[PDB]
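Beneath this line is the structure, given in structure tokens, with notes to follow.
Naming: A, B, ... by sequence-line order, numbering from 1 per chain. Side chains included, hydrogens not; waters and symmetry mates left out as well; all remaining heavy atoms used.
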Amino acid sequence: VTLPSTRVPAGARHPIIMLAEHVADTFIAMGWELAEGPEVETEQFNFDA
Amino acid sequence: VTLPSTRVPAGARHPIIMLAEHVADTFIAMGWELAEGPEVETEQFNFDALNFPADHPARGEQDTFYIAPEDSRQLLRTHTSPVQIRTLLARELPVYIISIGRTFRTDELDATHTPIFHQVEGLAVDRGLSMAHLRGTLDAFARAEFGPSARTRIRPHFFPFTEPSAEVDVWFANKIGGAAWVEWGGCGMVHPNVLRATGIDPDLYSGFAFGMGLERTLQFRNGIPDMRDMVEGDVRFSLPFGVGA
Amino acid sequence: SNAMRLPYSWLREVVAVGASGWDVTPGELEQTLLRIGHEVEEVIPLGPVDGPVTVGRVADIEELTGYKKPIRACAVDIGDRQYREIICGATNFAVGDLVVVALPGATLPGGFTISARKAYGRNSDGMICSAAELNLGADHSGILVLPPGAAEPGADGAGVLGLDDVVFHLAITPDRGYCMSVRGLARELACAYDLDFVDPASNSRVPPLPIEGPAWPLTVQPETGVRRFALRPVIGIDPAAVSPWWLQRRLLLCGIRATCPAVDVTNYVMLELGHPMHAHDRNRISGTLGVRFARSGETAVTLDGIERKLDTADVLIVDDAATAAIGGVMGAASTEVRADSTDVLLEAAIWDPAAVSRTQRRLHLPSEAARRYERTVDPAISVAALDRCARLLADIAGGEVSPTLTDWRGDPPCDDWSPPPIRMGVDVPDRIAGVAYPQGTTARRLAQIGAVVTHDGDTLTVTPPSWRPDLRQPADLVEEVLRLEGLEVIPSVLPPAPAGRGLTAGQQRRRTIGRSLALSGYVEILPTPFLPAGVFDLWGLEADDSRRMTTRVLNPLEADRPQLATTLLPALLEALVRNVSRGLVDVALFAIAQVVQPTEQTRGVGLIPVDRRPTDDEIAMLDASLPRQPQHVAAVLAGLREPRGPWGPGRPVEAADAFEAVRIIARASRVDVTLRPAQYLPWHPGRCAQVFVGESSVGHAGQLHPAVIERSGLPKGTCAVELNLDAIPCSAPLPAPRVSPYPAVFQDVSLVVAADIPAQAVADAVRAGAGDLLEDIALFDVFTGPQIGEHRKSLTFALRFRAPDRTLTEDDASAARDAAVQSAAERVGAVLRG
Amino acid sequence: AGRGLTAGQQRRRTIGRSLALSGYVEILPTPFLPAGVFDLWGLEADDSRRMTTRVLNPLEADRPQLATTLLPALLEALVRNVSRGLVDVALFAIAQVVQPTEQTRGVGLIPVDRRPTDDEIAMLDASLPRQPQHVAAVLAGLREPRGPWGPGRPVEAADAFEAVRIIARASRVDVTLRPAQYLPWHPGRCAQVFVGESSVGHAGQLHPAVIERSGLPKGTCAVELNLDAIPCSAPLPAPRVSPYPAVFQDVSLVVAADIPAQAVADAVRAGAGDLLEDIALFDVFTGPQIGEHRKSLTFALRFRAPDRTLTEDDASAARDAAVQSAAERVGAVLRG
RNA sequence: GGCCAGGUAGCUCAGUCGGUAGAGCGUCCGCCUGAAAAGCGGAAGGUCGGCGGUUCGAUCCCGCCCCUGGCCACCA
Ligand SMILES: Nc1ncnc2c1ncn2[C@@H]1O[C@H](COS(=O)(=O)NC(=O)[C@@H](N)Cc2ccccc2)[C@@H](O)[C@H]1O
Ligand SMILES: [Cl-]
Ligand SMILES: [Cl-]
Ligand SMILES: [Mg+2]
Ligand SMILES: [Mg+2]
Ligand SMILES: [Mg+2]
Ligand SMILES: [Mg+2]
Ligand SMILES: [Mg+2]
Ligand SMILES: [Mg+2]
Ligand SMILES: [Mg+2]
């Protein structure tokens with residue numbers, strides 16, 4: 001009964017992503033919400049504003 | 001490229017549990033927390049601290065499962081409302097909790113009733129809480145589970161553990177026989193005797209509570225007219241809902 | 001009977017005494033009633049009828065003989081000296097009776113056109129109607145007979161029967177006993193419509209009869225809970241008198257069958273005013289009337305004739321001879337009024353609500369009286385209801401009301417029945433509502449419901465009326481204001497909740513376990529707590545297996561299944577045969593749910609007073625009295641684990657699938673487990689693992705024993721797992737891996753061991769000897785060919801070595817492998833394969 | 001009181017969870033494409049993936065192009081892991097790409113002493129390149145490791161199709177797969193993935209020349225889907241569990257070898273109607289009894305009525321209607 | 001707790017007032033097919049809800065009891 005049993009081993013989400021998920025849960029539980037923005041951005045919003 | 005590729009087909013969590021998960025997330029996102037309580041409960045928390053008189057007919061053996069021997073004052077809990085008591089005894093104020101779990105009654109089976117079912121309890125106790133806050137919470141609950149096009153209505157009623165007391169109906173389009181208002185759950189301001197039974201001063205704190213059927217919520221949400229497949233555990237009922245929701 | 005039924009016309013009449021001309025549609029009335037807190041169960045219009053439905057008088061009856069039933073051919077006077085012959089099969093009428101006939105051309109509800117028909121060799125010009133066929137009431141199993149003088153022959157049936165009416169069935173909540181009557185419901189509607197209310201129980205509507213001396217003698221035992229007990233006689237009534245149609249009609253519409261004036265009047269006044277009344281044949285009374293408790297074994301025969309087994313908490317009314325009534329539940333046959341009763345003693349009593357409720361529920365007699373008494377009855381109106389009854393009976397039945405009166409009001413006599421006053425701040429309902437009501441609203445609403453209200457600054461002193469014993473604290477007064485103003489005005493405001501902590505670790509782990517099992521192909525069931533009959537005998541457990549120590553339900557669903565589950569497997573296995581029995585042969589189920597495991601202190605804790613917080617010791621005692629209720633997770637599998645498809649024929653369930661389920665749960669819980677061979681029913685003793693987290697046992701998995709499968713009707717090869725989630729510690733690992741940039745070395749090692757050595761114990765021995773350079777070990781071969789001796793096996797493991805700071809030589813790895821082989825020799829007796 | 005995670009936010013978690021449970025390891029992929037990757041793939045000069053946003057001052061002078069596809073970064077990460085001893089590898093990523101259009105250019109400074117008007121807000125957003133969320137995966141080596149149970153299973157194109165279905169189940173949508181030609185995939189082991197009739201991506205085995213020219217392992221397979229083109233969905237099922245027994249029958253149909261098995265099953269469903277509870281392919285046969293360029297498929301059928309027990313002749317009628325539907329839609333011949 | 005109808009195969013039901021009890025679908029086998037299903041042919045399978053009694057023998061008669069469906073009743 002000790003023989004290996006896992007025919008397709010588990011993978012893994014990246015620890016940075018799992019930590020983000022846990023940080024999001026922390027703030028949602030306080031009533032806050034998760035806002036988004038794109039990675040390529042205008043100078044207007046990254047600097048001027 | 002269209003050949004079947006799923007060598008181990010997915011299963012499914014039960015839709016009642018997936019609905020519970022979604023209700024929980026709704027309240028956690030509002031800052032509330034999820035409280036728990038046992039299924040075998042004392043009479044002290046299921047009836048007495050909730051302001052039921054000693055001879056209240058819901059206490060009889062025709063209405064309530066009792067644990068042997070004759071007067072152990074133990075039972076299968078008949079609503080999730082004893083968790084109000086456990087919560088006010090265990091936590092410091094203010095308190096904002098829901099509780100979801102199984103409840104037990106000696107009820108005949110019909111399209112909207114089964115002996116072993118689930119409820120969503122809510123309890124908020126704080127300075128200055130009003131019926132307007134009860135209505136706000138109930139509207140957020142209904143809006144998240146049924147959408148904004150959901151017809152609800154609230155009318156005065158009675159429970160030994162609230163005063164004032166109210167019931168909430170949902171317009172149920174697929175009700176066996178023809179659409180009609182069907183009761184969704186009960187609610188009210190926590191009775192002052194309930195606060196006193198847990199050491200809270202009714203002159204400083206007020207509270208509201210509610211208790212909705214979980215299977216009943218699923219019936220309204222998915223338009224399932226008869227709850228008994230939901231209860232009986234045939235794989236064919238659960239698989240259509242998917243491994244997650 | 002069951003709910004509060006009454007016809008709109010009666011309700012309207014009582015409302016209209018103070019509000020002349022008041023009239024609303026039934027749609028509007030239903031809405032108003034729901035808004036102020038009265039559930040409308042049914043709105044039932046009477047009729048309807050069209051065409052020639054009229055009153056007739058039966059002028060002759062010819063018996064038709066020789067049929068499977070007695071049949072009457074009837075000459076019926078239908079007015080203007082016009083007579084019609086009508087065939088009718090009922091028997092509950094005689095020549096001279098007023099009946100209702102539906103002549104040809106008439107339409108009865110629902111949609112039955114009456115045409116002339118040939119019935120039993122005779123022609124019938126229509127039919128004599130029953131109450132059900134007119135949609136007037138439920139049947140008496142015969143046709144409807146109006147009392148003499150209700151109407152002349154030829155009168156319009158719909159007018160005479162009042163078929164325009166509508167009957168409301170209300171489900172009144174238990175805190176509103178005063179609404180079990182026309183009086184209380186009329187009062188409520190006057191509140192909702194801001195009408196002036198004339199109380200039908202007031203002295204101006206029921207003026208006091210004379211009191212010149214006492215009526216019958218009465219003793220009342222102490223501590224029976226009787227609050228009031230009044231008696232008045234009506235002497236010399238005509239026993240041939242019957243109640244007028246208007247009274248019989250209102251009883252019928254309220255769900256009460258009329259019998260004789262004396263009984264009819266008591267039921268009528270009960271419905272009107274809310275005070276149950278009882279009529280005694282005063283000449284069947286022997287001696288002093290007394291109310292006392294029953295003795296053990298005492299029986300009494302109720303007026304319906306059934307022998308009631310009585311109990312010592314039950315309150316009786318007895319005389320010298322026999323029991324006269326079960327107090328506030330049912331009268332006894334000994335003093336029932338009969339077809340010969342001439343002198344009647346009317347009883348207006350107020351019983352103890354809890355006592356009536358206890359008694360009526362045990363005996364299963366939820367009479368009209370009992371369900372009013374158990375919700376409390378206004379003690380202020382006892383003599384008014386008595387005087388109403390007496391005057392009405394003397395008018396209907398030709399009596400004379402006797403000017404005597406026994407009116408016991410307790411010892412000492414109570415003469416003010418109002419509850420104690422309640423102090424409440426004038427703006428308390430506003431705060432509870434979240435609404436600023438116009439100034440004076442609270443004082444105005446509280447006066448409408450009958451309270452006396454006085455003002456002192458911002459404080460009201462509010463004395464409820466005697467029919468409102470439910471009004472005891474400020475919150476009760478708040479409910480009165482809020483419901484009459486309507487809940488629709490209360491706005492919808494989400495409370496700011498403080499910042500919560502979200503899901504607990506345990507709640508989060510339950511989600512992850514369930515999602516992972518589901519993804520792996522398991523279907524969740526919500527298992528019943530009630531164990532199958534004799535399940536542990538079917539499993540073959542020894543008599544002292546801990547699983548047998550179960551908690552027992554006194555009054556279970558199925559008398560054969562009283563025991564609560566110490567294990568989830570019996571319910572999962574039952575769900576498996578259900579699915580297999582319905583054509584789903586390849587099945588994998590799981591459940592996450594508490595079990596119930598009693599112990600020593602698992603017994604009772606007496607009632608703690610609820611006027612205070614239980615002390616911390618009382619809280620901990622309560623919790624220690626309950627059975628342990630740990631969360632468990634379990635799964636069962638049968639049939640194919642992997643289905644057939646274009647790739648091949650699919651793989652049957654085997655034990656290792658149950659072992660893999662353990663590892664899915666462990667990975668979901670982020671703990672490491674070890675499996676060790678174990679013997680433990682109901683598993684196969686050679687295919688069972690005990691599951692460990694560290695050195696603590698958390699459950700078992702593997703294939704079920706062939707005899708359990710056999711005795712339980714399970715599919716061959718069924719496997720199972722059950723773990724105690726509460727015994728799995730809540731881990732929160734914080735890894736900090738460092739990745740070596742240097743290449744690994746790969747070597748394999750073949751070791752021969754005794755057959756009973758677990759493979760994992762060899763891998764543990766190899767890892768203990770190899771040291772830090774060993775990055776990974778994996779078994780890829782178990783071999784038992786002829787090169788290998790009997791009861792021995794050869795194991796070959798793939799080894800991967802890697803250093804953090806250097807490239808290795810083969811000799812570096814070989815030295816680690818060699819130390820691993822020595823460690824395997826010393827721990828499990830391994831021999832390097834040669 | 002907040003509203004918690006959005007549907008898109010919840011769905012990204014669910015996809016992540018599911019792929020990791022299925023054996024995939026997440027990488028966070030660099031947005032800077034490898035030098036000349038689309039030349040190594042052999043892409044047509046007008047392939048939309050070549051229309052890249054460029055960084056003026058990148059980390060590596062030869063890698064200024066921002067990724068229009070996640071596969072180059074995942075494949076580079078695959079080579080990296082394989083080069084360090086881990087030859088059996090499955091990796092995924094969930095990340096935005098950068099896809100410029102015509103209106104992808106500069107917007108002059110707007111004074112910050114006031115709110116930008118709604119027209120300026122929209123012009124700023126319209127001037128940025130499109131940045132949709134993609135999900136992608138790559139696999140090579142053994143999909144299933146060896147062990148006591150035998151020697152383990154090499155990655156194959158069907159593993160890439162299963163990754164699509166893992167994602168679709170996580171997203172709670174149905175997908176169809178159709179044969180397609182689309183570099184860098186092998187033109188004979190490539191599926192285009194559809195939700196409804198909207199294309200959302202591609203899956204299968206990579207082309208052997210792409211593998212050779214990029215130094216990838218033989219047999220590398222891959223998936224890439226556009227998450228933002230997969231619609232949200234909130235299914236509200238209401239099953240009814242028939243208490244009556246079912247009927248089991250099988251059916252063998254011969255079609256031209258190019259007919260997809262799923263188009264046959266769909267034709268069988270179409271013809272059979274409501275009694276059909278389940279259909280499952282379990283045999284594809286191309287031996288000597290079957291003509292050249294044809295194939296025999298056999299499906300297990302389960303029929304069941306909601307209100308009665310069926311006879312064998314009731315199921316046979318439904319099967320015969322299915323057979324006729326299959327002849328009419330895919331030219332199937334009942335096996336003889 | 002009341003009333004009505006019931007409990008018979010793995011599922012859905014017919015039936016029988018003393019010695020054989022069943023059908024549709026589900027299971028197994030032979031021919032058949034590369035392997036299937038259909039078709040043709042042939043099997044297995046029921047303590048006729050349970051425990052006592054009567055009887056040489058009980059699904060069927062007598063007693064006690066249990067459960068299921070429906071319609072009521074009750075109620076947090
Ligand atoms: N037998 C049943 N089967 C399935 N669902 C049920 C069953 N009985 C009740 N329910 C559902 O549970 C809801 C509430 O049940 S209730 O008996 O009416 N009332 C209660 O249990 C109260 N404890 C609710 C409450 C009231 C006020 C404050 C807090 C909580 C109902 O509205 C139904 O939705
Ligand atoms: Cl050997
Ligand atoms: Cl061919
Ligand atoms: Mg009940
Ligand atoms: Mg029943
Ligand atoms: Mg109620
Ligand atoms: Mg009240
Ligand atoms: Mg070497
Ligand atoms: Mg067949
Ligand atoms: Mg059956």
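A positive value of the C1'-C2'-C3'-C4' torsion places the sugar of E:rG26 in the northern pucker family. Sugar pucker annotation for E:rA21: south, assigned from a negative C1'-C2'-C3'-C4' dihedral. Regarding nucleotide E:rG18, the torsion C1'-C2'-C3'-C4' is less than zero, so its sugar is described as south. Sugar pucker of E:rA35 is north, as judged by a positive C1'-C2'-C3'-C4' dihedral. The furanose ring of E:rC17 falls on the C3'-endo (north) side of the pseudorotation cycle, as its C1'-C2'-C3'-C4' torsion is above zero.
Out of E:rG34, E:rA36, E:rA37, the shortest distance to the side chain of D:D283 is found at E:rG34. For D:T298, whose side chain is taken as the heavy atoms from C-beta onward, the closest listed nucleotide among E:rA76, E:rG34, E:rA35 is E:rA35. When distances run from any side-chain atom of B:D63 to the nucleotides E:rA37, E:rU12, E:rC75, the shortest one goes to E:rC75. Considering only side-chain atoms of B:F52, the nucleotide from E:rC25, E:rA76, E:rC66 that sits closest is E:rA76. The listed nucleotides are E:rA38, E:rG26, E:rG34; the one nearest the side chain of D:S316 is E:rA38. Nearest nucleotide to the B:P160 side chain, out of E:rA76, E:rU12, E:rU27: E:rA76. Relative to the side chain of C:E558, the nucleotides E:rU68, E:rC75, E:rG26 differ in distance, and E:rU68 lies closest. For B:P57, whose side chain is taken as the heavy atoms from C-beta onward, the closest listed nucleotide among E:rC75, E:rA35, E:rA76 is E:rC75. Side-chain proximity of D:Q289 to the nucleotides E:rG34, E:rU12, E:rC74 is greatest for E:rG34. Checked against E:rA76, E:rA36, E:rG26, the side chain of D:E312 finds its nearest nucleotide in E:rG26.
Judged by distance alone with a 3.5 Å cut-off, no donor-acceptor contact links the side chain of C:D560 to the base of E:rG50. Side-chain atoms of D:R335 and base atoms of E:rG34 include a donor and an acceptor less than 3.5 Å apart. Between the base of E:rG10 and the side chain of C:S581 there is no donor-acceptor pair shorter than 3.5 Å. Judged by distance alone with a 3.5 Å cut-off, no donor-acceptor contact links the side chain of D:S252 to the base of E:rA37. For B:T103 against E:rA76, a side-chain-to-base donor-acceptor contact under 3.5 Å is absent.
There is no side-chain donor-acceptor pair under 3.5 Å between B:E121 and B:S99. Neither side chain, B:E108 nor B:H113, offers a donor N or O lying under 3.5 Å from an acceptor on the other.
Both conditions, centre separation below 5.5 angstrom and plane angle below 30 degrees, do not jointly hold for the six-membered rings of E:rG18 and E:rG19. Bases of consecutive nucleotides E:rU16 and E:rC17 are unstacked, their six-membered rings not being centred less than 5.5 Å apart at a plane angle below 30°.
Remark: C1' of E:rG39 and CZ of D:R319 are 9 Å apart, rounded to the nearest angstrom. Rounded to an integer number of Å, the gap from D:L310 CG to E:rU12 P is 14 Å. Following rounding to the nearest Å, B:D107 (CG) and E:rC74 (P) show an atom-to-atom distance of 14 Å. Atoms CZ (D:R302) and P (E:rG26) sit 13 Å apart, rounded to a whole Å. At whole-Å resolution of the value, CG in D:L275 and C1' in E:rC25 are 13 Å apart.
Between C:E479 and C:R483, none of the side-chain N atoms (NZ, or NE/NH1/NH2) sits under 4.0 Å from a carboxylate O, so this pair counts as no salt bridge. A salt bridge is defined here as a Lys NZ or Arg NE, NH1 or NH2 lying under 4.0 Å from an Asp or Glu carboxylate O, and D:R240 with D:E277 fails to meet this definition. The existence of a salt bridge linking B:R77 and B:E41 is excluded, since no basic side-chain nitrogen approaches an acidic carboxylate oxygen closer than 4.0 Å. Salt bridge absent: C:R5 and C:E42 never bring a charged side-chain N and a carboxylate O closer than 4.0 Å.
E:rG49 and E:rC11 are spaced 14 Å apart, taking the P atom of each and rounding to whole Å. Between E:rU47 and E:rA36, the two P atoms lie 33 Å apart (nearest whole Å). Here, E:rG1 and E:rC13 have their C1' atoms 32 Å apart, quoted to the whole Å. If you take atom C1' in E:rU59 and the same atom in E:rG50, they sit 13 Å apart, rounded to whole Å. Nucleotides E:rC51 and E:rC66 are separated by 10 Å at their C1' atoms, to the nearest Å. Taking the P atom of each, E:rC61 and E:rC67 are spaced 23 Å apart, rounded to whole Å. Rounded to the nearest Å, the gap between the P atom of E:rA9 and that of E:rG24 is 16 Å. Taking atom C1' on both nucleotides, E:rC48 is separated from E:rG22 by 12 Å, rounded to a whole Å.
Along RNA chain E, the nucleotide closest to D:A246 and the one closest to B:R228 are compared, and the more 5′ of them pairs with D:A246. For the pair C:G583 and C:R644, nearest-nucleotide mapping onto RNA chain E gives the more 5' position to C:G583.
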*Tell me, with the steps shown, if B:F161 and B:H79 meet ring pair (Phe, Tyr, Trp, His ring centres under 6.0 Å).*
CA-CA 12 Å; B:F161 36 100; B:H79 46 176; 5.5 Å; yes
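Residue C:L714 is tested with C:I709, C:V636, C:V580, C:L538 for a side chain to side chain contact (heavy atoms under 4.5 Å, CB included); the sole match is C:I709. With respect to C:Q563, the side chain to side chain contact (heavy atoms under 4.5 Å, CB included) criterion is satisfied by exactly one of C:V553, C:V535, C:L531: C:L531.
Counting non-hydrogen atoms under 4.0 angstrom, D:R308 reaches nothing in the nucleic acid. Among the atoms of the strands shown, only primed sugar atoms or phosphate atoms (P, OP1, OP2) are found under 4.0 Å from some heavy atom of C:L557. Looking at heavy-atom distances under 4.0 Å, D:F285 makes contact with a base. As judged by a 4.0 angstrom heavy-atom cut-off over every strand, D:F248 is placed among residues touching the sugar-phosphate backbone only.
The stacking criteria are not both satisfied for B:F159 over the base of E:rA76, which would need a centre-to-centre distance under 5.5 angstrom and an angle between ring planes under 30 degrees.
Here B:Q62 does not reach the OP1 or OP2 of E:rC74: none of its side-chain N or O atoms lies under 4.0 Å away. Taking side-chain N and O atoms only, B:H56 has no distance below 4.0 Å to OP1 or OP2 of E:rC75.
Geometrically, C:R561 does not engage C:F530 in a cation-pi contact defined by less than 6.0 Å to the ring centre and at most 45° from the axis.
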*Based on Watson-Crick and G-U pairs with both distances under 3.5 Å, what dot-bracket line describes RNA chain E 5' to 3', crossing pairs as [ ] and inter-strand pairs as |?*
(((((((..((((.....[..)))).(((((.......))))).....(((((..]....))))))))))))....
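Ring pair B:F52/B:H56 is perpendicular by interplanar angle, where above 60° counts as perpendicular and below 30° as parallel.
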